[PDB]
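**Student:** quick one: initial chain(s) of a complex, as found there:
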Amino acid sequence: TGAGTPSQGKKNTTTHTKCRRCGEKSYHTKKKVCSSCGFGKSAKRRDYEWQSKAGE
Amino acid sequence: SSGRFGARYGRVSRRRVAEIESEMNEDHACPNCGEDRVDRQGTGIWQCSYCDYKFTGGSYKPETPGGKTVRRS
Amino acid sequence: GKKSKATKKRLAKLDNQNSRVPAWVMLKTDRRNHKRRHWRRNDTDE
Amino acid sequence: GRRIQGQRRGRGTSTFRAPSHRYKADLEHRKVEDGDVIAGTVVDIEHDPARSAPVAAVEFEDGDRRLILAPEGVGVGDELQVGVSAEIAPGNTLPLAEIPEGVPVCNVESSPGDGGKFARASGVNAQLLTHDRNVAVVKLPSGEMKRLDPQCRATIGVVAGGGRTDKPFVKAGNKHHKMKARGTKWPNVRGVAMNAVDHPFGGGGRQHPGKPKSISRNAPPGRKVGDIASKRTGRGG
């Protein structure tokens, strides 16, 4: 069984769903944690300084 | 009793296991009556088929030379 | 797949977003839907 | 390099842990005040998945159902006594001072009232030797002389399920089935068949260890493989 096209058949799982807090399809319903806003992990909002070029 | 091993395994496999299996599927003495009705129930567990005295004993041999030393003192 | 109540409310709106720009908007602006979605070629949320 | 197998062990992941949820009981001793007014009838003899040997289901005087470690001979209907002035019969739990000399005993305690630590495996025993006012010397299954506190409880008799190790596994299937129920990763791939990146004995164009097998006791975790602090090796000579 090749790692390409045939392994793409077993892909009927739901992981990332529409978040309650921000609304991006980043709420990992198995982890109950958002990968975009960080809902379920932090009380604060997931923002990072590297999401923009250093001097901007 | 190790005839299920076939042409595989070896001599010590069909001498030891076959000996200790023909020895346990046998008739042994019971401490609650005095009859030969002692059968096995698993690993270490021994059972009588009379007044069903479910007792303890050596894994495959009912009475080990170490389990008979408890009687001397 | 079993959908919930909210999931239904959402998929419902997405279907109304699939309606064309009415004939009169063309006559009012004196002459394109960009959120044009197909059930096969496109992907929705969840 | 990479962390060796024994390093991944201590992390305590599923692969290396014991299926605790599938285990029966934490076999300890009963708490009597002082007087020996506790006794119990053995109702059943079950199998312990945690330690292969048989385990006795005992219902006491006050109806406290607890699984106790089973000594040889003891069966359904039999009565055993737990306390200070217990009977010197096989299967009775009492302190070392109250137990006479030259008697094979099991489920020995280290510190008094710990629930038992020593001599527990399939068919083993412990020999009680010296009796002083301060000390009670016990000979543990390995042959070591442990200077124990006479207030330490112990069960009289040898453990049941003896002579188990005397029969071979015959097939890997029998070993697989056993190891699935324990806290061990199986099978055992020799460190020599691995890559240099995976173990200190790994690599090479052929199979052999790099340095000598014997290693210092001061060796760090990741270099402590082979013969750990060997005082010698080999059979004869």
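**Tutor:** Alright, I've got the coordinates. Numbering: from 1, shown residues only, chains lettered A, B, ... in the order given.
**Student:** residue boundaries of the strands in the chain?
**Tutor:** In the absence of a named chain, this looks at chain A. For chain A, strands defined by DSSP state E occupy the ranges A:16-17, A:27-28, A:33-34.
**Student:** hm, I was asking about chain D
**Tutor:** D:38-47, D:54-60, D:65-69, D:79-82, D:93-95, D:104-106, D:126-131, D:136-139, D:145-148, D:153-156, D:214-215, D:227-228.
**Student:** tell me the most buried of the ones you listed?
**Tutor:** Most buried of those, by mean neighbour count (mean count of other C-beta atoms under 10 Å in any protein chain shown): strand D:153-156, with a mean of 26. In short, each C-beta sits where N, CA and C put it, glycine included.
**Student:** contacts for that strand?
**Tutor:** B:70, D:29, D:68-69, D:71, D:88-96, D:99, D:103-109, D:112-113, D:116, D:126 (C-beta atoms under 8 Å, 6 or more residues apart in numbering or on different chains).
**Student:** Could you tell me which strands sit next to that strand in the sheet, and their orientation?
**Tutor:** strand D:93-95 (antiparallel), strand D:104-106 (antiparallel) (DSSP bridges).
**Student:** can you put the ones you listed in JSON lines and add distance to residue D:122?
**Tutor:** Listed next are these as JSON lines, based on distance: least, C-beta to C-beta, whole Å:
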{"stretch": "strand D:93-95", "distance to residue D:122": "19"}
{"stretch": "strand D:104-106", "distance to residue D:122": "11"}
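**Student:** Close to chain D: what parts of chain B are there?
**Tutor:** Residues of chain B found near chain D (C-beta under 8 Å from any C-beta of the partner chain) are B:5, B:9, B:12-13, B:16-17, B:20, B:31-32, B:41-45, B:52-61, B:63-64, B:66-67, B:69-70, B:73.
**Student:** rerun at 7 Å
**Tutor:** Taking C-beta under 7 Å from any C-beta of the partner chain as the measure of proximity, chain B contacts chain D at B:5, B:9, B:12-13, B:16-17, B:20, B:42-45, B:53-61, B:64, B:66-67, B:69-70, B:73.
**Student:** include RNA strand E too:
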RNA sequence: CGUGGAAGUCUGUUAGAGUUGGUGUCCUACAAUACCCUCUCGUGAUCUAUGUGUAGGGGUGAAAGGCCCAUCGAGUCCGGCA
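**Tutor:** One more piece, RNA strand E, placed on the ones above:
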């Protein structure tokens, strides 16, 4: 002689799992690993669905430096960075 019905036993395109040879077909493919004939295992250290756990110098590894989403002798993204 029979009864019995054991087995990492046996034959088996039973379901299923695997993939030896053709170095066949294909090789701007049906397909970024496919097709066909052959071949192997098929009551067991078996095969499988879903749920769940282990995370990057770290996992996992019946060890091939194998696998960790077409990415592995150290994943991916963005930043350091022009």
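**Student:** can you check the contacts of strand D:153-156 again with RNA strand E included?
**Tutor:** D:29, D:69, D:71, D:88, D:90-96, D:99, D:103, D:105-109, D:112 (C-beta atoms under 7 Å, 6 or more residues apart in numbering or on different chains).
**Student:** Now it - C-alpha only, PDB.
**Tutor:** The C-alpha trace of strand D:153-156 is given here as PDB (Å, rounded to 0.1, in the frame of the first residue of the first chain):
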ATOM      1  CA  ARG D 153       3.900  -9.500  59.900                       C
ATOM      2  CA  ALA D 154       4.300 -12.600  57.700                       C
ATOM      3  CA  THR D 155       2.100 -15.500  56.400                       C
ATOM      4  CA  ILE D 156       3.200 -19.000  57.400                       C
END
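**Student:** Any idea which residue of chain D lies closest to chain A?
**Tutor:** residue D:14 (17.3 Å; C-beta to the nearest C-beta).
**Student:** Could I get the buried residue list for the helix ranked longest in chain D?
**Tutor:** For chain D, the helix that runs over the most residues, judged by DSSP state H, is helix D:172-179. Of the residues in helix D:172-179, none has enough neighbours to count as buried (16 or more other C-beta atoms under 10 Å in any protein chain shown).
**Student:** Over to stretch D:5-24?
**Tutor:** Buried, per 16+ other C-beta under 10 Å, within stretch D:5-24: D:5, D:9.
**Student:** how about that stretch, does it reach chain B?
**Tutor:** No: judged by C-beta under 7 Å from any C-beta, stretch D:5-24 stays clear of chain B, getting no closer than 13.6 Å.
**Student:** Export that stretch to CSV, keeping only CA atoms.
**Tutor:** Output of stretch D:5-24 as CSV, limited to C-alpha atoms (Å, rounded to 0.1, in the frame of the first residue of the first chain):
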residue,chain,number,x,y,z
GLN,D,5,14.9,2.0,24.6
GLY,D,6,15.5,2.1,28.3
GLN,D,7,15.2,5.9,28.2
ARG,D,8,11.9,5.8,26.5
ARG,D,9,10.8,3.4,29.3
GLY,D,10,10.9,5.8,32.2
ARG,D,11,8.6,8.2,30.4
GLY,D,12,5.8,5.9,31.3
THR,D,13,3.9,5.7,28.0
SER,D,14,1.2,3.1,27.2
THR,D,15,3.7,0.7,25.5
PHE,D,16,5.9,0.5,28.7
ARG,D,17,3.2,0.5,31.4
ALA,D,18,1.3,-2.3,33.1
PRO,D,19,-2.5,-2.8,32.2
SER,D,20,-3.4,-1.9,35.8
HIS,D,21,-7.1,-1.6,34.9
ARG,D,22,-7.1,-5.4,34.1
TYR,D,23,-5.5,-6.3,37.5
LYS,D,24,-7.3,-7.8,40.5
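**Student:** RNA strand F next, sequence below:
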RNA sequence: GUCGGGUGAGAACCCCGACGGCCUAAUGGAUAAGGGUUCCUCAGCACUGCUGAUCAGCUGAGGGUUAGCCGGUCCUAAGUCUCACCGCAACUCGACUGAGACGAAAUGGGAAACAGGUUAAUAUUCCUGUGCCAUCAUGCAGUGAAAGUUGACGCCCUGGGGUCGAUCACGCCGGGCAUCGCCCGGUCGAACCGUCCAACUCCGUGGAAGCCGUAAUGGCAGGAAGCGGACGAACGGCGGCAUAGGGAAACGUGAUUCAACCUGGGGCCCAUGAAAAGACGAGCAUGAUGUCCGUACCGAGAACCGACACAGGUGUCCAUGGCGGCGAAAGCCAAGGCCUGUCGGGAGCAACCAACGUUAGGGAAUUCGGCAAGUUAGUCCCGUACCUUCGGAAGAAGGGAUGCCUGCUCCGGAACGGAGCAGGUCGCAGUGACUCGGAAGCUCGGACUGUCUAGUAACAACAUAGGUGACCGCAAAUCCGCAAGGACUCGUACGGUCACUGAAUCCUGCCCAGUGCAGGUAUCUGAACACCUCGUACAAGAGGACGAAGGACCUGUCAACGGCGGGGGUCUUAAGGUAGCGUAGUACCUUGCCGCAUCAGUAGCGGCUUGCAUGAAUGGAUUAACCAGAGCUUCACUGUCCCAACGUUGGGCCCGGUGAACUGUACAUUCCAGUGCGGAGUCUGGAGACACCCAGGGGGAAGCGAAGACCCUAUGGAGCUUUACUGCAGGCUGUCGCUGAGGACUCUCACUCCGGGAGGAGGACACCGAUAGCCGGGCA
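**Tutor:** That brings us to RNA strand F, laid onto the chains above:
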């Protein structure tokens, strides 16, 4: 697919019929995940559809998903999260512990629904009939009420009970067939309410000294068979349900084999096979209440994932439709679905290619190699060697048989079950198709089954049982963490940890000099602190005294890393190759020499063997069995070859439609020579050369494809090793603080551990903070 026909401006592919086929664990039925309206109707063809389209999963606008009893909801599972607490510089970080929560839609547990009808599309939801569960209210019952049971459970074998299904018998109802009279379809009817009980256990009676009983095991004077009896099953039977329903009609009765469902007996384990909520325990009447979420369609060679209407991938239930046969096998056929693995037309249809059939004579001569293809083939009977771990080898090998018809015997209760006999008879051929081992022998390796490089390696590599060694008495050894703390461990030496060798069998020699590890050590060496001397109004600073681990040094150890030579009849550096095995997967010389086998044998097997440079758990030797493992020989077979031929299907060629890409400095009809950076269509000289187009096989364009992986270079990168350099974890050790009372000791009061507690063990040590010396590719 074909001929008709329908709608239409337009029809090969939209629709009707006929004729013809395809699919049978799927190409049918129901669904999970996922999709998300793709379902239904109407109107359309600019888009999408491998051609066309009047069709459509397309475009546009409407419509469509109705539940107390189907899921969800509740329960708890591996396990997850929140709060508290603790750590962290800190957190969205982290382990323990407490408390709460979440965690199962096919497929865990679970209070309760069946039959029919209805729509363009829903349906146990709506409608008709009937029935069932729960809470609560009133009325009656009842004072029990919680002990116990249930929920609730592995694998293998097996009897019993029993429904649907299928088949046999016969009757009735409807159809088919046109020499016979055979063939097909139907003959229905739930839930629920009632009732019956086999198995099992048990009680009374009985009185077996050998009996009772089983498919098997078994059972009994501690009481057998026989007899009566208490408890007690189905998704079963029987009755009701039902002058319900459904059916054009008849609107059956019996039977065998029996899925489901019920209930027993047996065996296996170095494996022991969830939990909880709920129910039961523990009545009945009437009335009421039963909210909320899901409910359309696909579920795949077009509704999912793979960029696509992708030949790929993806779970579950239908495993009992007929013949067949051991069979859920092949082949053929229903029920059902489809002609959408969706472009067509024409040429005896060439060459050439893909699949493939048959080839006279020879028969591996082909080739690295029988690669490819082939041969054998099912069932019965006779028969079966060496060797062997006694299991196997073995279906060895080899030999015979095999249909149809008539009439029968035997096993059994019987089958529409099996085994046999006698006569009759057809063919080239009787497992007539289909299904369906080729056989044997020598050697190597690995014991075996198994594992593996998803995507060029399936193997001798990995693993394994087996053997051995090492460490640890649990406040352990080993391992993770910065810490709080954690894995092993609900574990305790018959244990688990770390390594090595790799079934069995027969053995496994010698060396401890070097490296390693461990122990000891009079003496040497050995850091900082404190102490002593001088120096400083103090500091810096010079010497001394003391001294740990460590090192020196001695001993132990090779199933520990490893070693087993030269010279002469010892030397280095400890010993100086023993059993075996041997020109080996190891031997250079080497196609070693002898032999077997062939016409011929760098091959293969056997023996010899001074072994360039075999050899004992860096395991040595031997081996039955096993193997898509490497090598060789024989029998059989054959288009592999001698040597090629004919044929078959899809292409290929011509016509309609659709309609890409790789590549392109320019010029370019070339060839023979030469020249040139030494490998020119283009320069020089000649020769040749009218233009365009079709098919072809690919000589050339140092053809196209890829800023060579080789090689060197760069003061390039990375992975890896170590007695490279330097450092860090980490271990060991002295010292200072924690830290108390009276170079050896007593105590308890800090601190630690254990006990529920009382209290018990240890004790200024230990833990921790700091510093100092040693070791330190575990890490950078």
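**Student:** let's see the contacts of strand D:153-156 again after adding RNA strand F.
**Tutor:** D:29, D:69, D:71, D:88, D:90-96, D:99, D:103, D:105-109, D:112.
**Student:** what does chain A have sitting close to chain C?
**Tutor:** So chain A meets chain C at A:17-18, A:25 (C-beta under 7 Å from any C-beta).
**Student:** of those residues, list those near RNA strand F.
**Tutor:** Applying C-beta under 7 Å from any atom of the strand, the subset of these adjacent to RNA strand F is empty.
**Student:** quick one: which of the residues you listed is nearest residue D:150?
**Tutor:** residue A:17 (66.1 Å; C-beta to C-beta).
**Student:** ok, residue D:221 - how many residues close by?
**Tutor:** 10 (other C-beta atoms under 10 Å in any protein chain shown).
**Student:** got the contact list for residue 32?
**Tutor:** Going with chain A. Contacts of residue A:32 (C-beta under 7 Å, 6+ apart): residue A:40.
**Student:** From residue C:17, how far out is the nearest residue to residue C:19 once chain neighbours are set aside?
**Tutor:** Nearest residue to residue C:19 in three dimensions, chain neighbours excluded: residue C:33, at 7.9 Å (C-beta to C-beta, 6 or more residues apart in numbering or on different chains). In this view, residue C:33 and residue C:17 are 9 Å apart by C-beta to C-beta, to the nearest Å.
**Student:** Can you say which of the residues of chain A next to chain C are buried?
**Tutor:** Among those, the ones that count as buried by 16+ other C-beta under 10 Å are A:17-18.
**Student:** excluding its backbone neighbours, what's nearest the residue of chain C found nearest RNA strand E?
**Tutor:** Nearest residue of chain C to RNA strand E, counting by C-beta to the nearest atom of the strand: residue C:1, 11.0 Å away. Take residue C:1 and drop its neighbours on the chain: the residue closest to it by C-beta to C-beta, 6+ apart is residue A:14, 7.8 Å away.
**Student:** Helices of chain B, residue ranges please.
**Tutor:** Applying DSSP H to chain B gives helices spanning B:11-22.
**Student:** any chance you could map the strands in it?
**Tutor:** Using DSSP E, strands in chain B cover B:38-40, B:45-48, B:54-56.
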